[PDB]
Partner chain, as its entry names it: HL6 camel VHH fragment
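The chain below stands alone and is given in structure tokens; this is the form solved without its partner chain.
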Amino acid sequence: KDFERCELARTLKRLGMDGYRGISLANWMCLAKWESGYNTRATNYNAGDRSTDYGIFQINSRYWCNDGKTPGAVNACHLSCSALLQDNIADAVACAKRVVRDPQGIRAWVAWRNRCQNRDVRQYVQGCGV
């Protein structure tokens, strides 16, 4: 599904993302916007290292989930990558939390560095009541 901006902001808040490991909801929103346009079914194949990015946060199969077809990959979220393509984003949120528990934090995603870091992100949650 395609989430509407405020619908997603509330869903993420209910799932405990606001301020998770110091990351504001506005940052998570900006990340989802730029990674998938708030679409849960998005997938991106990286022909270079034979990995695939999955779901609303475009979480990568080399490290985070198992799709059985990425050479020498690991599964740090201990989930089938299929779990990251659900309309219900609970599992995807649990995995994104796992990603940020690592040292890089939100910087793990290059898109965040490109479109969200050192930029005004307040616009992503304005008027959503979060």
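Residue numbers count along the first chain shown, from 1.
- The PDB entry records a higher mean C-alpha B factor for 47 to 55 than for its counterpart among 81 to 89 and 47 to 55.
- The stretch with the higher mean CA B factor, choosing between 117 to 125 and 5 to 13, is 117 to 125.
- For the set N27, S61, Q104, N39, the maximum C-alpha B-factor listed in the entry falls on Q104.
One more form of this protein should be noted, the form solved in complex with its partner chain, which is absent from this view; the next part is about it.
- Contacts to its partner chain in the entry with it bound (heavy atom within 4.5 Å) from stretch 88 to 104: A90, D91, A94, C95, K97, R98, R101.
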